[PDB]
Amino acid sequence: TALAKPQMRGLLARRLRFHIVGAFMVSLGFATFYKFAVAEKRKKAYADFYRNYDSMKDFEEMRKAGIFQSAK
C-alpha cells in the first residue's frame, strides 16, 4: 500500500506559528490568573481592612498593650 504524501514545506514555520499563538493564549491565562490571585486580592484585602476600621480602637488596644512611649 502506498503512503500518502505528507506536508513537506514550512514545517518549522508552522511549528513556530502554532506555539507563538499557544504562548499568547497562556499569557492571557496568566494575566487573568495574576489579576485575580494577586492584584484583586491585594485590592480587596486593603478595602476590607479599612471599610470598618476604627483607628481610635486600634490605638487603645496598642496603648493597653504598652507599646507606646507617649501613651501609657
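Here, rigid core means the biggest group of C-alpha atoms that superpose within 1.5 Å across both forms. Sequential numbering from 1, following the sequence displayed.
Superposing on the core and measuring CA offsets in 4 other deposited structures of this protein, the stretch of 41-49 and 24-32 with the greater mean deviation is 24-32. The PDB entry reports B-factors from which the mean C-alpha value can be compared for 55-63 and 21-29; the larger average falls on 21-29. Looking at the C-alpha B-factors along this chain, the one for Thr1 belongs to the highest third.
Placement of the Cα temperature factor of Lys35 within the chain: middle third of the modelled residues, per the deposited record.
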